[PDB]
Every structure is written in C-alpha cells, then in structure tokens.
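Asker: Chains as they are written, first to last, in the authors' numbering: chain 4, 2 to 83, 191 to 270, 282 to 337, 342 to 444, 454 to 715; chain 2, 400 to 525, 538 to 559, 568 to 687, 694 to 717; chain A, 149 to 333, 337 to 1211. Ideal placement from N, C-alpha and C gives every residue a C-beta, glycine not left out. What follows is a structure written as structure tokens; I'll ask about it next.
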Amino acid sequence: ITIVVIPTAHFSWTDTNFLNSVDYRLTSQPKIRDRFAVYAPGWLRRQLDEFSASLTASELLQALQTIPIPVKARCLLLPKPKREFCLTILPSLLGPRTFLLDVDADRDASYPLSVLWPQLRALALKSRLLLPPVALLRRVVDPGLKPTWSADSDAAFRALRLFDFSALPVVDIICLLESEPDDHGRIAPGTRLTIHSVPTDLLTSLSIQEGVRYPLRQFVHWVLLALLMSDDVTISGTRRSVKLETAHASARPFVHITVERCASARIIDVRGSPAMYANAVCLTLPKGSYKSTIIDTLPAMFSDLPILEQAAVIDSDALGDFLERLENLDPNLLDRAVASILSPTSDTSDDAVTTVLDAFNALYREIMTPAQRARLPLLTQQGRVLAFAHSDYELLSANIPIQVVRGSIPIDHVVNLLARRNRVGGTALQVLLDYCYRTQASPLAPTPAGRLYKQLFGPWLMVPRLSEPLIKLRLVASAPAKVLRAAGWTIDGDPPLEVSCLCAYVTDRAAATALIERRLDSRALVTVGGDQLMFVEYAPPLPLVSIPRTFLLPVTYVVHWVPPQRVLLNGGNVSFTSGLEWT
Amino acid sequence: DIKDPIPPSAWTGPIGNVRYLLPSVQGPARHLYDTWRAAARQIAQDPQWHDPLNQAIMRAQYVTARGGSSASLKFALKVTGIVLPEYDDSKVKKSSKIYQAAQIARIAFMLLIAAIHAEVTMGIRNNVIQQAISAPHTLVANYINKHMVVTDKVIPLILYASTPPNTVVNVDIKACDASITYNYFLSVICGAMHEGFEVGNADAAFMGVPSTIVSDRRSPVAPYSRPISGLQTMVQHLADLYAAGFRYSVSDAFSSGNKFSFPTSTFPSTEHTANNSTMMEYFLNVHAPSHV
Amino acid sequence: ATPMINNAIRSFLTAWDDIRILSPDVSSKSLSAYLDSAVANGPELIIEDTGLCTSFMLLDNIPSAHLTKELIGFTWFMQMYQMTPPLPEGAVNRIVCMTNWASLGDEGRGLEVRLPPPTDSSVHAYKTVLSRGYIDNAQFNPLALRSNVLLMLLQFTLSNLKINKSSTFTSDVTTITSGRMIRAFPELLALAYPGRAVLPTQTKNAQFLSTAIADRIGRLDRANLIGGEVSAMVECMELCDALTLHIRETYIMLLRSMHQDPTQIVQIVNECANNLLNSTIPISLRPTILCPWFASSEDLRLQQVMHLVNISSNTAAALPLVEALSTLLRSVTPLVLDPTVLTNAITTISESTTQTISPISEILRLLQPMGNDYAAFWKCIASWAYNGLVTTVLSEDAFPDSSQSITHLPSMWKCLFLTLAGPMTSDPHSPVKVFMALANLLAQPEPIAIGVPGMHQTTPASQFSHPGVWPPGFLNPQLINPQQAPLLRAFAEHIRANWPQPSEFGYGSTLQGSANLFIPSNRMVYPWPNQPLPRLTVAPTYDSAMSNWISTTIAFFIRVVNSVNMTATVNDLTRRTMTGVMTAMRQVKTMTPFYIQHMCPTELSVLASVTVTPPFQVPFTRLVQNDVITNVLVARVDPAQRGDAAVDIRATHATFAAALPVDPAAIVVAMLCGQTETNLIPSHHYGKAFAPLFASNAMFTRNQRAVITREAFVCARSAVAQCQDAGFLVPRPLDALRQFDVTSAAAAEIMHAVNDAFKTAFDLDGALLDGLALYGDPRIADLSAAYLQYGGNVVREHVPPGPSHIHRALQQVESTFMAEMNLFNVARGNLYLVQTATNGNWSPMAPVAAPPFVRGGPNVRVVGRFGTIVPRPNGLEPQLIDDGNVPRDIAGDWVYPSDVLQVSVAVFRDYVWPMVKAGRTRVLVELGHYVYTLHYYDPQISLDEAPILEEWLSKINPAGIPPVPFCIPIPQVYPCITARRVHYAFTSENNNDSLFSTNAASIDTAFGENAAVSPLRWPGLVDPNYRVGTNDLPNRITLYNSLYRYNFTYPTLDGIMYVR
C-alpha cells in the first residue's frame, strides 16, 4: 500500500534517511523499520526542480501522477524520466491502496511539488485516505487516530529517549492540562492543547515521561522551556493558535500538566534557516516576554557551555546609559496620560495614545538612537553575539549590521507584564512603554520565536546523549607581531600571535580531517584591540551555511587570545587584519 | 520622523510575510494602499509580460546598459546557497560587472527558486537577482507613472508656469530616498501589491519564479495553506528584503582602511517618483478641503 | 498611574479568559467582512465513530469509602474481583453531558462540550457569548441564558455529527453470554455492555443488573449482501442513547440525500462535459458506496448569492473570476490568432508613394503589435458568463475623438474598428456608443437630434451611457430625414438590422443542478446565435451572424467613403485604397466568426461547470430602450422587516459596479484574423482538452460546500431569531429561559458563534456565511437578488434556504433539553431560602410535599422594582418597599425576583437576610432557570449552610449571579447518629433528574436517599415489552438502544467510473 508524502517544513533532506525525517520512530525498532520501502530517489528532486518554473500547479500533478513506482529509463544520454509499504514523493492516484500522509503542519516552500498539497488534501477528504503519522506504526493501516483494536501502548508510541548535528528530533506533543484537582480527589475535566515542534532532547534531558500528571505552578522551567523553543501551541483537534498565560491570569489556573500522546515526531533541519550569519542575531520579542528563562535558566540546568554571558545582549541595555527618563517626559500631561494608558489595555485606540507615543517617539530619537549607534561593536563584533531588541526599528534606526529575526512568543506577555514586581515606575508604565515599543514594529510577520531557539539552543540539547566526548576546534585569526609593538604595546618573543575568533565542537574528529587548516577566507576577519577588549569584524560576513554540519558552535562567544600570557603591558590601541583557519 | 504612524491593530493577521491593511483605516495610508492595490490588480491580469521578447527586454533592464555600480560578487554571498557560479574558461577581464553577475548565474532564467539567498548582501556601492526579485515593484510603479523630454516637456512648461497670470507653488521633496521606509511607506506598498496580485491566476508563475504556497494566518479561527501566484512569491521576498533594509559594503578609496557593512532603508528606482502623484492626489481632494 | 488605570488593569486581568478555552469566541470582529478568495478547500464530511454513540457519561461523583476496620462488608467494589464495573459505584453517581467521552473511533471533530459534574462549578459552558468583560469568572449571565444555552446545544449537535461504523463483531466464547456475538474491542467492553457483567454480591448496582434481559446485547441482524465482502449495515444493541443517536442518524440521512448511483453520477459528468468526455461504468453491483457529492439546485443558488455578498462589490470582484475563466478559455481553445493574414491582406493593396498620407499605412498604425497576445478577446468572451457582474465597456481612449472630422484618416479607421468590435462587448449601451461615434464624427454635414438638453451631437461619444440619452433618430430611423442626413440614417438602419440576436444553450446537468439565479436553471445566454458542435473537418464560413455583421459594417463604410461629403475633400486615388483595404478586409478567410457561432458555446458550456465560480448571467437584450439592465443588485437584508416594503430596488439592494475596459483594435484583429489547424475535428480537440479537467471529483467541491452554506445559513437564521423575541417563522422550544439583550449587537455575537462553529466543526476555511454581518444587522439576514431594467420591470428573485437537516436536529436537542436540563447542570423552578434545622435527611433538589408560599399566595408580598428599604425611627423595624409601593414589614414571606436581587445585595444581605436565618422571614428567589452546584458533606458532623449562602450573595452583581449552591448529605450505608444541620437553600420543582444512583456498591442505602437505578432510562436492557426502535426521544433521554452501524466505503471518481 503506497503512501504519498509531500515534505513538511524544514524537512531534513541531507544526512538523515527519509524515514528519520517523515516521522521518526518509524526507524526506531528493526521490527518496524523493515516494513517501509522508501522511494524518494535522488534524481527526482533535481529533475523536477528545473521544470517547476513553468509547469502549472495542476498541470504538473497530472503529468506526474500517472507513473509506476520503479520507473524505467529514457532517451539518449540517460535522463531518468520526469515489501509491505511503499513511501513515495510521487503523488499517485490516491485510491484504496494509496494514502496521503498528513503531518498536521505547514508544507515547506522549497519543495517544487508542494503546490500539489491543497489539491491532494481536498481529494483525500472526499474519500477517507487522509493518513495521520501515528498510523504508520501499527500492523494495519487505519486512517483514524486511537482506533478500536489497538490500545496504543507499544514502546514506539512514546516518541522519547531518542556528526549528529544540524538535525534535531522534534515532537508536536499534545498535552492535557487539567485544572484544580479539588472536590474529594475527582478532577475537573480541563482542556488539552498541542505544542508544536518541541525538541525531543529538551523533554528527554528533563526526564519527562509520556503519561504522568506533572505539577505546573511551582510555571515550571521544563514547560517554560518547551513553550519557548516550541514553535506554536494550538488548541488540540482544531487549528486555533492560543497564547498561554503564566501569571494570576484567570481562575482555574491549570495546576497540572501531563503530556498525553506524541502526534508526529519528526526530525527537522535547522542548518541556517532563521540565523543566517555566524556573527550576531537579534530577536524583536515584546516587552513582557520570557528573555530571562532562556538566557540563563536553560544554561543553568546544564554544566556544559551553550552560552557566555559577556555577550547575550539583553533588551533594555540601552537603559544602561531611560525608563525614569520617559516617565520624566510625561508627568506634565495629566488625564491624557492616565486616559491614554487605558486605550493600550482596551481593544480600541483613542487620541490620548497619540500624545503619549509622540512624547515617546520624539524622545527615542534623541537619546537612544545615539546610544545605539555608539553601541556598534558590542552588538555585532564581539566574536559571536546574540541580541535582544523590542523592535526592528531599535536596531535599524541606528545602522547596526545584524540580521533582525522577528519574534512572537506563544505566551501572552501583557498579562505577564501586569504581574511585574518591583519595577521602575508602576506596572502601567510598562504598558505605556510596551505599546510604544509595539507601534514601531513595522508590520512584518512575526516569525515564531521557537524557530530560532531550535537552532541556537537547539543542537546543545543533543549534547548530553552523544555518548562521545567533545572535540574543541577553533576558528583562529593570526596577528603579525610588530603591529602590536608599533602601537605602544609589548609582546613576548616577537612571534605571530593567534586570536581565536570562534570556537566550535566537532564530535568525532570529522571537521579536522577536511576542515582543519583549510583557510576558508571568504569572510576575511579584522580584530581591533583596545583598552581591555578585542572586537572581531568579518569583512566578508561568515555565513552559517558554510559551517559544515556537526560543527556545533556555541552561542555568544567572546574573543580570547590563544596565549594571553604572551601579551605584556596591554600597550596601545590599534586594528590589524588577518585570514583565519580552523584547528 | 512620522507624526502619524499606522497603529499595529490596523493590519490583518499575517499571510506568510506581508500583511494586509484593514478596510477601516482611512487617511493618507488608505489612498496609498488603494492606488497601489488597484494598479497591482491590473498588472497581474495582462498579456504584455508573457511574451518572450518582453522578458528579454526586462532582463536587459537589470544588467544596466548605462550606469551600474561596484557590486561585490556572488559566490562569497552564495556560500549561503549551494549554487556554484560560473568561472572563466579563458583569462577573464571583466570584474563583477553587472553583466557578469548575469553571466555568473544564468542557468535558470537569470534566477532559480534554488536561489532564495538573494537577501545576504545587497546594493553594493560606495545585484541582478535583487533587481529581478524587484520585478513586480517597478512593474506596478510603471503603471502609476503612466502620465510621467526636457526640451519639450519641461522647458515649455517651466515657461508656462512662470507667467504672471498663474501663481505657481513648486514642491521639492528633500530626501525622497530616505523617506521610503518599511515602517509606513514600503509596507503599505508590499501589502497592496500582494492583495492586487490575487486577481491573476493563483497558480501562474511569473518571470521564472514558481507559485509556492503560504501560511495565511489572517483569520484566527481558520488558518489554511494557500497557493499564491508567482508574482506574490516575489512580494514575500521583497517584504523579507525591504524590512531588513539594504546592505551597503562601502569601502572608500579616499580613506585608507575604511571598510564597512552598512544597513539602511535608502535606495541610491522609480517608486519614490511614483508615490509623489498619489500622495498629492490625496492632498488636493481629501486633506486640504478637510481643513484650511 | 492611580485608580483610573488600576481598575482597567484589574478588569483586563479578569476578562482575558477567551484566549484559552473557547475555540469560538464570539465577535472578535477584527475581520468581519472577509473576502471569498477563490480557493474553496471543501469540508470534511466523512468521520467514522467506531466507539459507542453516546454523549452522557455516567460519572462516579462522590466515591464510596474504603472503610475496612469498622463495618466490613457493607461495600463490595468490583475492583477486588479484578473487574471493571459497567455502572459507576460511588456514593453519588451523577449523569452529565460529556460529549464524545467514549468515542474511540477514527479521528475527531473538535468543538466538543463537556460539562463538569455538579460538584464542580460548571459555569464555563454558559459564558460562550455576551459574557466576556461584562461578567467575571465565577458567574453566569441570567439576562442572556437562552443565547448561551442555545450555543451550548449547537456545539452538542455539531460534535455528534459523525458516522457510526462497526468494529469487528467477534463471538463471545466465555460463559457469560455463550455465543452471543458482541462488538469486541479494550476498556469500554465491559462498560458498553451492562448486561454482560459478572455480579458477585447483591450490590445496589447488582439488584438492577440482575433484571437485565440476556438477549439485548450485541449484534441483532447483520444485512450483508455479497458473501465474503464487508457487510452493509449491522443493527446492534449497546450503550448508546436516544438523543445522540438521532443527531447521528440525521447525519447519515444528510449524506444519503446528496449521493447518487453510479448510473446517475456518470450521466451528470457527461452532461457537464457536453457528452465528449468518454467514461464507462461497470454494470455490476457495488454494495456499499456513499459519494456525498451532489447538492440540489436550491442550495446551490444559496452558495452563489453567498459568494456575491462576501466579496468586494466593485471592480475587484469581477477580475478574479473573469481572469480565471479566461485562462482556461485560452488554454483549451482550438483557435489560434495569427495576424499576418490580416497584414498580408492589407499591405498588398497597391497604393501610390506620391501622396503624403498613405491610407494603408494608417490602418496598420492603429492596429498594433504591442506584444498583446490578444487576451482581450478572451477577456471579452469570458466576460459573457458574468455579464450580471462585469460589463465590458469600450475603452474611453479608443473612440474617434471630437474636433476631428471624417476626413481624418486615423479618426476614420477608429470609427470603423469601433463598429466591428461593437457587439463583442457585453455592454448594454454599446450600440448607442458605436452609433454615436460616427454621428459625432460628421456633425457638420448631417445634423441629427439628440434627445435631451445638456449634450449635443458633438458631445464626446463616451458620455452616451445612460438609457435615456439615446437619440430618438437611433431608436427610430424614420425620424432621420434623408434630405439632410442620408448617411446617418443608413447607420441606424444598419445597426438595428445586423446586430446579433441573443440566443441560449445548456450547460451542466439538470440532475446536479445549477446556480443560475436569473436565467432558468442549467441554461446560459449568449450574445450571438449558436449551433451545435461539429464533428467534421471545419473550414472558415461566411454565413454566420458574425461574418454577416463584419461584412455589413465594411459594406457600410464603403458607402461612407464613397459619399458626397467624403469625395469632396479626400483625393480620388486614396479612397480607392480605402475601398481597397476594406473590401480586402471583409474577404479574409477568418476562422473566428465560425468559432463564435459553433465552437465557443460548447467551449463555454463545459468550462462553466469546472470553474470555481458558476456563471452569474443576466438576460441579454440588444437594442431595446426599455429593457436595458441598468442595475444588477443583490440584497443581504429582508426589506419587509426593515420597513422597506415598497421603495425602489435601487435603494434596498446593493448594486454591482464593475466595468472591464476592452480595446477594439485588440478585438478586431482577433475577430478578422483567427485560423486553425487543417485536420481539426472539434469534438476530438475538446475531448483531448476536457479530459484533464474532469479527471477526478474535485469538480464536486463547489457542489459539496453548498450543503454546508445551506446548513449554516439556517442555523444562523434559527439561532439568531430564536434568541431574540419573536423573529422569523422559527419554532422556539427554548423560550422559558430568560433572554433580555435582544439587541442587534448581540445578534452579531451569536451569528459569529454559529459561523465559527461551522468553520471549526467541518474545518472549511473559506469565508462561509460571513457576508451578512457587513451591514451590522444580522437579525434580518435574508438573501435576495434582482435586476432593474430601465422600463421599471424589476425581476425580484428571492433565494430561500433549502430544506436543511440540521435545522430539525437542533430543534430536537432543544425539545428534549427542556425535560432534561438537569443533565446539563441547568435547573428549573425557583429557589427558596427558609431556615430548616433538620436532624434527619435533607434533599434540596428533590423537595417532598408542597412548597411553602407560592407567589400570589395569601400574605406573600413581592419586593418592588428597586428593592429599597425605608428605615423607621426610634425602635421600629425598617420596612421594605414592596411591589405595590407601600412599605410592608420584613417579617413574613417575600418574593424577591433575581433582577431585583442583583441590584440590592447590599440591602438584602444587611436587612432581610438576618431575618431569614433568625427564623423570622422566608424569602422566595424568583429566578427562572439557573446553573446549580452541589456541595456534598459528611452528614454525621456539624454543618451550617449560612456561610455558603453568604458567599453566594457576595458574588451577586448587577452583572450576573453565581450558580446556586446546595448542600446535600452524602448517603451513608449504615444508620448514623446525624448531627442537626441548619440548611437554607432548596429548590421548588424537582430538579433531581440526574441522580443516577446513590452508593451503588453498597448493599443498601441506609440514610440519605436510596434513589436506586431507575429503569426508565434503561428499558432497552431491563424491560420485557421493549421493541427495537421505541426511542421515546422528546420526553426523556434513554440510555440503551438498538442503533445501526454503517460500513460504507467512500470511493474516488476513479472508483466509480473509468476516465481516460
């Protein structure tokens, strides 16, 4: 029974077998891997990618659909032509022996045959051949979820506890969260809502089991981590996205969470889809988001090094020179200040918000945009930085060269903002500042913030299950010796001095075999030494895609002299340049 | 500096990247949105840009016959991608000439939806694939500039305007380059063009760019994957390019070691020509009769 | 940041909750008018429900104690026998509405209600509408209980629309039944068959299960046709219920009312394709197919007028539809434009190269090769299926301009090319415009009379766009005298006697139906006459109506160019060339006049049944002054209830204003110069082209969505007009429940719930039923469509909703809701507050004897509209101002209606409430229906209900009230020395219809209430006179009936026929 599959978003096509990417745990046991026969051939993604520039959405499907599964050859110089289960990327006839696989997620836009999905799905719902990914596991295909005969209690259904980089496993766990278990131990029915694309090692390392009513209030960090990296949370069953809350939000506050089943556990590829450069990447999360639980809380729970806190440039670091300065720029306006505040909280907008925003937006242009343009190399030149803004206007008004990934968090930030103790001013001063930091957003779809946390803190979740020690290799630039001494400085023994621009952790001596001493030079590297710190600017910008997979670079890396004892007296100021290699 | 920004509750939910304007918000932003969406829904249903000679004309406008600038290269920016560029068969003389960029990647009509790494280092001056991604932005701006030489369309005029019958106000906009931003102007434009480009056939590829699908989350009770047209696919990459500003790899030879990487929202084509008439059309008809 | 902000912050915190639990949140009208983008994805109709079709979980509420030291053997749990009990055995076993609690079948619908048991709060299923931000967290809104109950039942009757499906009926080899083939599974096997339980000791469960008849279990009579294949339907008895079965049976009746046999489906496909697409069906019995594909035409006319409402009324609507049709039209046509033939027939007219003006050069000049691929011919052909919407106006730039006589040769050819490309445009006033162009071109020699003042003969011809300003000489050529205008009478004679008479042809099938609003069903109109499609080799003919129209305007402009006022100015040699060009133009062997009369109707009648939008046409009318369609207008509001009974239809209806500008010189080239391949069989070339468009059943998606937009327009006309007081002709079984906010703002919040329920239950993602709440008033939402001709004859076409099915499913839920409200935690009757210091048992919900003091009784005085209290001085008790406004004293019996108590709980709680618990006065709380909450308690202990009741008054606002709390003793299994408790709140009518059983495990209830398992809910199990059927549905909800398990197979289009 053939099964057509149109690849899901961030589909891993390289370094992972199709079975690993189209719902892994198909490839867990050998009693369940051998029943599948993948037909996703190598030429077909290169044969059909050249033709989809003109073939029509419908037209391509009709030409493509009629075809046998093991095809024959064709023509002069041999261009190949355009078991129990037969997985295939070719959309077949969708008959009684052909089931369309539905993975409850958006299809990618890199695949050329992904236009065929709204036509194949509508043809599948008029029959019943709309297969969920859990039905690939059991012995008989049923197009439905939790069927009559099979109480899904086999070990393959748990979807947990399972070089080796740039391709993390990912679950879309649906978790029932009951309310207060009051009234003689009987529990109110509560609700269930799925959290899409949670990385599996974030659940495995925190010892989360697939069926145990865990406490929730304490939020706990393991749910707050799984909400942060998690791509989206959607009411279970139907596609409505719902923002959770953490504060004293409403009654019945979801005291207990339990992960129930794991709908679609697959491996996605996060090579360089949000972050593009190996320099610095910022997020434009709103004011009351949860920046403090992935900067330090997630690396506090581990003993390795996902971060380095000298970078990780937080938002309101331009308060480091403002909150009591914006507040001192409106104590004069009375009722349109108080009246104005209500409008941000309420659905509608009034005229009092205009005289508060234009008191802010005339104030932001005078103080912070100088204080952000003066903060240039801390943002993008610290080796590897990570930043945090309130808007993309915050880092584009000052001409700061960083990729500005926008960010939406699946936790409602305003109701977290109103339970903010000990803040400057009141809590209502935050909401005046939050709406002022929201209207300069510039209407760009907010990319889900979990998509970036599943790439920076993504592969570092995979580290405690490697069962192999890590091998540090360093991207290192080399200073000529007399350039230091010709600036008032003194160096020892007059040898070329090497500064490690970026560290990285290969796992099996793979990067070294080919990568070492290969001198990739497309991004040139220029180090500047000043009174106590050195900044590194890559003049051809070092892209994250050129970094081979399984390299694992740590977030927020600061630049260190490879022999810091060689320098004597830290004399002078000066900027040199270098080409760099790995070692 | 904007004294009246669009509020963030005036847009719809996102549809992949760009957002639509709500019908409620009137003002000068609504007339800009309505004059651009109505022109985009005229370009998307047209037989003119499907002729092969009109394609070869449009590829001839991108490699500049006159002008150009010191663009850096492509394969130091295609290490983001997988596509390796052409190299000299024989000793090569031209260095990164706009023409060469065309020469570097001409395998898939001067572009390839395998080349989505057009957003890495733009506008290199102290790109032929960003000029070709900006196809439907100056296709619509050449419909707004329908009514639009000096010897007979200016010299005769200047004279008629100067005669002491008719008094004449001359309107010169200072920094019309640095006023087109994605915070107000360039988001209404890319919002309106992506709305007008639905009256075309939604599976029609344009200029070698296919017809991908999109998230479409503009209704909170039903987000659904929707196949957008070919011209809308350029708008999703224009909105991912206009919002990140324009890179500038300025390395002046006057100052010695001055090498840079500069992002801003200014372009050194005819849109800040095209926005002039429609924004004065709203002045004389709606704004100035409202209060003077 | 003071009190002004602080209240908002606190208010905001409470009114946040709709971002969590409710999938459908009424009226967050961010996107009210939502565009019907041409990507209708279709709904999911076929969901199996392999579990047991029930929706009322028998819930083990308060559990029986595991007492082990003292008094052993009173309780007998089935857990000690390693077995699960079919009936719950706690000390109280409530029945509750928990939808799809035992639905372990395929998939899930979503949008399912689940009432918590009455020990919990259960006021979060009645805050679905009119309760966010008005009310707080722990209250229910009594002024809008009817609107919230009706939406709660609408989620009940939508989450149950599944198809029953049989599992594997294995035999039962164990000794409990011996060979009775039950439906085997893995936990709800002993729980779905209560007659199959091993009964150890005589429990309170077991003395009801011992009366279970032993042949009311398992399958009954499976009706399989083909031996060896899967069965058709199997009748079986198991734990279902009569209410959920009827919703699940009226949905299979819905699917059988949109499925036709394989000899019917094939005919429909052939009719749609005009009999060329070749498909065969195997004449052999397929025993089980269900193809829910074909809606009737009365529902399809509703989907069409819905898709004209939620779309922009202007020019934006016409373009997608026309372009989409145009793309198909150009794609499958045999006709290939090739303008070299027109070029080689013009440029080979020998003119002289000594005149300064070359006539030949001029005609070629205007006719251009601008890159146009002549889609303006196909945007003028495809704009004939939508001439009610878009009308093709001649472009304003392409007229021969004024200040230019007929001597001007570029302004002479523009008058010719306007005439040839006259009737290709579907514009009502085009004929006048074509005539006007020439009459304004020579307005010096030939003066005619323009019928109105305000314009003259030398007016630009583009302004002649109203029907009244047609010149009377053109309406009647006898008024033009040939002594003055010999040339302009001949044009008005030529237009009135050569313009093509409109005709008609059929499209689609008459079995499937058609969404034609104004034309008769499955008929299309056409501005030229038509002939059937030929199967022979075709050649260009000259006896068509188009080639006659071409060869008469050319023969007219020859007479123009050889007139007397033309031969005076132009040289006599160049008019030989101008006569030479035109006479070489009428003789071009063009295929396009054969294409319009023959191939293009069969081209149009196939594409009109494969498009995403069916053709909306209005009747064509050439040349008639009184019957020009000025407006085609569609209404979304019933004007009889708006007061607008007799105003004109241009006011009560919304007019379409679309106008595609087309160019003559891009049409005249395609008109005069199309050709085809020589060996062209037109029937073969369409069957080679229409075969991919009929390849699969995605054509029946527009057909399948029209059932839902029928069945969601009725439930948004029912639920709106059933909430508010006396609307349409909808029955109101929910009418005792109080509804006060009947405003137009509340009616939009109910329709936005019914819209968001159907958008979630079926998962269809277009813009179904969202068009109406555009004017803000959805309580008069009725669809209509009409067109007003200039004579005044307006064809009003009412479109009513079809005979829906979920109309009479929701009318069956609310009919049985009023007898079984206690299963949904609503209660009937009132609420008393007398002091009762009982030592024995207490039962608030089920009161014995007569209630004391019903309203209107002797000495029972009603509190006034304010509830105000006048204090009396110096040692008199403060009186209470009563209904008759004369201050009676508190010590007595009062009727305190809930609206008065909602605005007086600071006067109730201080004055008349201390006279309740002092045993002095006895109030009545006259509230109609309410949610109740049952706080149980250990009876052998001190317990006062006064802190519970004082808590209940503290949460009462002018907004809503919290659910009424009742203290009920836990029924003990032994006689107990009970403390005397002081209770207060007890209801009036017997609201204890949900106590399924009490302390079922025990051997006997010895104190509280021995409300044992009533065999009126179970007569399928424990009754001798029970028959199959006999679902006494309106009166009570059964719990064990004989249902049907269908075993359908849903094939594709390739599973029915063979298409090649």
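#1: Please work out which residues of its chain come closer than 7 Å, Cβ to Cβ, to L170 (chain A), disregarding the five sequence neighbours upstream and downstream, and give them in chain order.
#2: Evaluate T318 (chain A) with the Cβ neighbour count: other Cβ atoms within 10 Å of its Cβ, from every protein chain shown; 16 or more gives buried, anything less gives exposed.
#3: Indicate whether at least one CB of chain A lies closer than 7 Å to the CB of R440 (chain 2).
#4: The beta strand (DSSP E) that contains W714 (chain 4), what's its start and end?
#5: What is the DSSP secondary structure of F1137 (chain A), reduced to helix, strand or coil?
#6: Quick check on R645 (chain 2) - is its C-beta less than 7 Å from some C-beta in chain A?
#7: Among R418 (chain 2), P404 (chain 2), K402 (chain 2) and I414 (chain 2), which has the Cα closest to the Cα of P575 (chain 4)?
#8: Let me make sure I understand the geometry here. Which of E459 (chain 4), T639 (chain 4), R394 (chain 4) and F37 (chain 4) has the alpha-carbon closest to that of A286 (chain 4)?
#9: Taking the CB atoms as reference points, tell me whether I599 (chain A) and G624 (chain A) lie closer together than 7 Å.
#10: Identify which residue in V739 (chain A), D1144 (chain A), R674 (chain A) and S577 (chain A) has its Cα closest to the Cα of residue 334 (chain A).
#11: Since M521 (chain A) is in the alpha helix (DSSP H), which residue starts that stretch and which ends it?
#12: Between which two residues does the alpha helix (DSSP H) containing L470 (chain A) stretch?
#13: Which residue or residues does DSSP assign as beta-bridge partners of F207 (chain 4)?
#14: Would you call the stretch 398 to 416 of chain A and the stretch 914 to 924 of chain A in contact, with 3 or more CB pairs under 8 Å?
#15: Taking Cβ to Cβ, would you say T570 (chain 2) is nearer than 7 Å to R666 (chain 2)?
#16: Are at least three pairs of beta-carbons, each pair with one atom in the stretch 244 to 258 of chain A and one in the stretch 222 to 229 of chain A, less than 8 Å apart?
#17: Looking at chain 2, is there any beta carbon in it that lies within less than 7 Å of the beta carbon of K910 (chain A)?
#18: Within its chain, find whatever has a CB closer than 6 Å to the CB of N1150 (chain A); leave out the 5 residues flanking it on each side and keep chain order.
#19: With H, G and I counted as helix, E and B as strand and the rest as coil, what does DSSP make of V588 (chain 2)?
#20: Would DSSP call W14 (chain 4) helix, strand or coil?
#21: How many angstroms separate the CA atom of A443 (chain 2) from the CA atom of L550 (chain 2)?
#22: For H371 (chain 4), count neighbouring C-beta atoms within 10 Å of its own C-beta (all shown protein chains included) and say buried if the count is 16 or more, exposed if not.
#23: Relative to the alpha-carbon of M594 (chain 4), which residue among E51 (chain 4), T323 (chain 4), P241 (chain 4) and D544 (chain 4) has its alpha-carbon at the smallest distance?
#24: Going along the chain, which residues of its own chain have a beta-carbon closer than 8 Å to the beta-carbon of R36 (chain 4), five neighbours each way excluded?
#25: List, from N- to C-terminal side, the beta strand (DSSP E) runs of 3 residues or more that fit wholly inside the stretch 1040 to 1070 of chain A.
#26: Whole-angstrom Cβ separation of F1199 (chain A) and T439 (chain A), contact assumed at under 8 Å?
#27: First and last residue of the beta strand (DSSP E) that includes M205 (chain A)?
#28: For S494 (chain 2), is the classification buried or exposed, using 16 other Cβ atoms within 10 angstroms of its Cβ as the cut-off for buried?
#29: Using only the alpha-carbon positions, how far apart do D24 (chain 4) and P288 (chain 4) sit?
#30: Got a sec, what are the start and stop residues for the alpha helix (DSSP H) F667 (chain 4) sits in?
#31: DSSP three-state label for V356 (chain 4), please.
Answerer: According to the structure shown:
#1: Around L170 (chain A): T276.
#2: Counting the other CB atoms within 10 Å of its CB gives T318 (chain A) a total below 16, which places it among the exposed residues.
#3: Between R440 (chain 2) and chain A, the shortest Cβ-Cβ separation is below 7 Å.
#4: Annotation for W714 (chain 4): the continuous beta strand (DSSP E) segment containing it runs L712 to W714.
#5: DSSP places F1137 (chain A) in strand when its eight states are reduced to three.
#6: Using beta-carbon distances, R645 (chain 2) counts as an interface residue toward chain A, with a partner under 7 Å.
#7: Ranking the options by Cα distance to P575 (chain 4), first place goes to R418 (chain 2).
#8: Closest option to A286 (chain 4), judged by alpha-carbon separation, among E459 (chain 4), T639 (chain 4), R394 (chain 4) and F37 (chain 4): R394 (chain 4).
#9: Taking 7 Å as the Cβ cut-off, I599 (chain A) and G624 (chain A) qualify as a contacting pair.
#10: There are no atomic positions for residue 334 (chain A) here, as chain A continues from 333 directly to 337.
#11: First-last for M521 (chain A): undefined, no H or E at that position.
#12: Counting along the chain, the alpha helix (DSSP H) containing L470 (chain A) begins and ends at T466 to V483.
#13: Bridge pairing for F207 (chain 4): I4 (chain 4) [DSSP].
#14: No: fewer than three Cβ pairs fall under 8 Å.
#15: Cβ atoms of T570 (chain 2) and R666 (chain 2): not closer than 7 Å.
#16: No: the two stretches stay apart, fewer than three of their Cβ pairs being nearer than 8 Å.
#17: Yes - at least one Cβ of chain 2 is within 7 Å of the one on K910 (chain A).
#18: Taken in chain order, the residues that qualify are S212, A239, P1122, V1124 and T1156.
#19: The answer is coil: DSSP assigns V588 (chain 2) none of H, G, I, E or B.
#20: Three-state DSSP puts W14 (chain 4) in coil, outside helix and strand.
#21: Those two C-alpha atoms are separated by around 10 Å.
#22: When all chains shown are included, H371 (chain 4) counts as exposed.
#23: Of the listed residues, the one whose Cα sits closest to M594 (chain 4) is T323 (chain 4).
#24: Non-local beta-carbon contacts of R36 (chain 4) in its own chain, meaning distances under 8 Å to residues more than five positions away in sequence, involve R191, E192 and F193 in chain order.
#25: Every beta strand (DSSP E) of 3 residues or more that sits fully in the stretch 1040 to 1070 of chain A is shown, in chain order, as 1044 to 1048.
#26: For a cut-off of 8 Å, the C-beta gap from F1199 (chain A) to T439 (chain A) is around 6 Å, short enough to register as a contact.
#27: Per DSSP, the unbroken beta strand (DSSP E) holding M205 (chain A) starts and ends at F204 to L206.
#28: So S494 (chain 2) ends up on the exposed side.
#29: Between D24 (chain 4) and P288 (chain 4), the C-alpha separation is close to 9 Å.
#30: Per DSSP, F667 (chain 4) lies in no alpha helix (DSSP H) segment; the continuous beta strand (DSSP E) that holds it begins and ends at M666 to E669.
#31: Residue state, collapsed to three classes: strand.
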